[PDB]
Structures are given as C-alpha cells and as structure tokens.
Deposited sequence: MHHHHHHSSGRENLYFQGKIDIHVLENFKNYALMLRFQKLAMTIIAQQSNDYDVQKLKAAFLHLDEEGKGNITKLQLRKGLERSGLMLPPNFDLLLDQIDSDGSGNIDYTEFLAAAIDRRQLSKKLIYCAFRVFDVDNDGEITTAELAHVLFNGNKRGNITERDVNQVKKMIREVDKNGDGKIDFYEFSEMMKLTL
C-alpha cells in the first residue's frame, strides 16, 4: 500500500535531527578551536570582544572591537555579518567564521577532540558525545547521537576516532 507506506515514512524528521545535532557538534568543536587558537590575530579579537562583554555583544560593539583592533571594515560588512547570525552577535561564532577550517593544524584539532574524548582513549563514543552535546541526559538523547555520527563514522564502528573527527572539521 504505497499511500500507506508513504504516510508512515519518517525520514524527514530523521534527517533534520541528524542535521541539527551535527551542527551543534561542529559549533561546539569550533568554539574550542577558537578559544585555543594560537593565531594571535584571532586571540586579540577574542580578548577585545571579552572586555566588551554571556558570549553576546551588539553588532555595533563587534564592529567597534574590530575597528579598535586596527581593521578597516568593508562597506558591506553588515550584510556579511547577517549571514552568520535582534542586533546582537555570539562573537565566538564570528571568531569561528574567521578561522580557515581546511588549514587547521593537527594540534589545534586535537585540543577540540580531547574535550569530546573525555576518557582520553582516542575514541569519541556515543555516550561521550551525548555527554558533550547535552550535558540529566536520557536514553533517547544517547540514541539520537548514535544516529547522527553515521555520516562521519567512516569505519562503521560506532565511534569517532581522531582521523574521522579531523576529516569532519577540515570539511574534508
């Protein structure tokens, strides 16, 4: 009964749940990278935004932090800023956007990895990852994570090793 089979097809919600959690995963990872980055030109910006700040500052405050660091902003800056995020900005997200992901160093990527690999055994397991993404976690929570890693779990072992995490971060 094709009509019946279609009416009970749930793949749309599956895909969405996976996408949403993968997004959270990557944003958490980039928050750690942005914090640990040894690129001084990112660090000073981070420092400048923290002395204005929660994690949240107005876009006007972000522009000022940039300008006061010695940068000339392009005429369409505001339009570019809208693409990444009521006139306020998560500045760490800006900082993440300012880091070239294809050129991340192994050491910097490991700083992020280490945080998800809580027991430090070299594998981000479902329960470790669920912990990082949701930490009073439920059964349901752990299983949503287990489904989300399928795409980046290249060897099919149900865990994320460093190679897989790295691939995912360098977007390749």
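Undergrad: Relative to the deposited sequence numbered from 1, which residue ranges are unmodelled?
TA: Since the structure holds only modelled residues, the stretches it omits are 1-12, 66-68, 101-103, 154-158, 196.
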